[PDB]
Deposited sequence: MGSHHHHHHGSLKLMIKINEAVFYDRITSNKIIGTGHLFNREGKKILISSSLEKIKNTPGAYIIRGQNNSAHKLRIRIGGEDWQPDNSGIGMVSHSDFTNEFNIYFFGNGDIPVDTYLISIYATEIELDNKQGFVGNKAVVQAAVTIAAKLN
């Protein structure tokens, strides 16, 4: 069982609304095994599979995210996100704040187990474009 990610390169001329996808995770070699999905990162108390990430430069900079997707449902424990199906390949990463995010690089940790294994990290850099 291995977990890959991908983080879409994008330019936002307008405040990024909540639940805009900002990347994807892909699964491999776990067929026929229930799957948890969460992270070692801070917890958005309000929502499962939703996390706060802190700025590498200045830790006051916060980036709120949410993992999930259409075959992915929250656990009542408020741990993470569980897909039962054995053909569930992909899952999404969502922004989950109201609007802009400070200019900084944020480290995003995600792991996946079998429920009753793997982890990953991708640097997510925010920069300002002056045109």
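Trainee: Which parts of the deposited sequence have no C-alpha atoms in the model?
Mentor: In the chain as deposited, 1-11, 128-137 carry no coordinates.
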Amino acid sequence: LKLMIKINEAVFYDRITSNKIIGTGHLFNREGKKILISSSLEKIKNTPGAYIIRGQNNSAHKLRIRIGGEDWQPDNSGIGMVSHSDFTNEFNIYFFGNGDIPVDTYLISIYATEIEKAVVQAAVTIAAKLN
From here on, numbers count along this sequence of modelled residues.
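Trainee: Per the PDB record, is the mean Cα temperature factor higher over 27-35 or over 89-97?
Mentor: 27-35 has the higher mean C-alpha B-factor.
Trainee: Is the mean CA B factor in the deposited entry higher across 80-88 or across 37-45?
Mentor: The stretch with the larger mean CA B-factor is 80-88.
Trainee: Taking the chain's C-alpha temperature factors as the reference, tell me which third residue 1 falls into: lowest, middle or highest.
Mentor: Within its chain, residue 1 is a highest-third residue by C-alpha B-factor, going by the deposited values.
Trainee: How does the C-alpha B factor of residue 115 compare with the rest of the chain: lowest, middle or highest third?
Mentor: Its C-alpha B-factor, which the entry lists for residue 115, ranks in the highest third among residues of this chain.
Trainee: Rank-wise, by C-alpha B-factor, drop residue 11 into the lowest, middle or highest third of its chain.
Mentor: Tercile = middle for this residue's CA B-factor.
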